[PDB]
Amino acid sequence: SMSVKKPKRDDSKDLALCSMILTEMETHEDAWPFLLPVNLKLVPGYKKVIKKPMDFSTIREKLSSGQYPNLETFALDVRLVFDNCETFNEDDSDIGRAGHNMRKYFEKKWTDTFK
């Protein structure tokens, strides 16, 4: 509360570390469904069903332009990519399995890096 501060976790390397994690996700062989925005003009249903589209290139642009106020807002967008994927794809489909794999990949990097 006012004039009562909790000890400050060092966040000086957060930007660099999130960038490294994102690079690792960008270069994963199962990242191909998530590299660019889904084409809303070519994929029936996507625009109406998925209220907040998100993809790696969009996360990269936001990270590079100071649009994440902290590391948790970055993690929220990454998870949104995989949440959208689960909403729109069957678990037993190529894209569906890719999403599950990528989420697992991300969360271990996240824990190992920050927890």
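The term rigid core refers to the maximal set of C-alpha atoms that superpose within 1.5 Å between the two forms. A residue's number is simply how far along the shown sequence it sits, counting from 1.
Where the structures in 9 other deposited structures of this protein are fitted on the rigid core, 4-12 is the one of 4-12 and 105-113 whose C-alphas sit farther from the shown form on average. Between 104-112 and 1-9, the higher mean Cα B-factor belongs to 1-9. The question of which stretch, 74-82 or 44-52, has the higher mean Cα B factor is settled in favour of 44-52. Sorting the modelled residues of the chain by their CA temperature factor places residue 57 in the lowest third. Per the PDB record, residue ranking by Cα B-factor puts residue 19 in the middle third of the chain.
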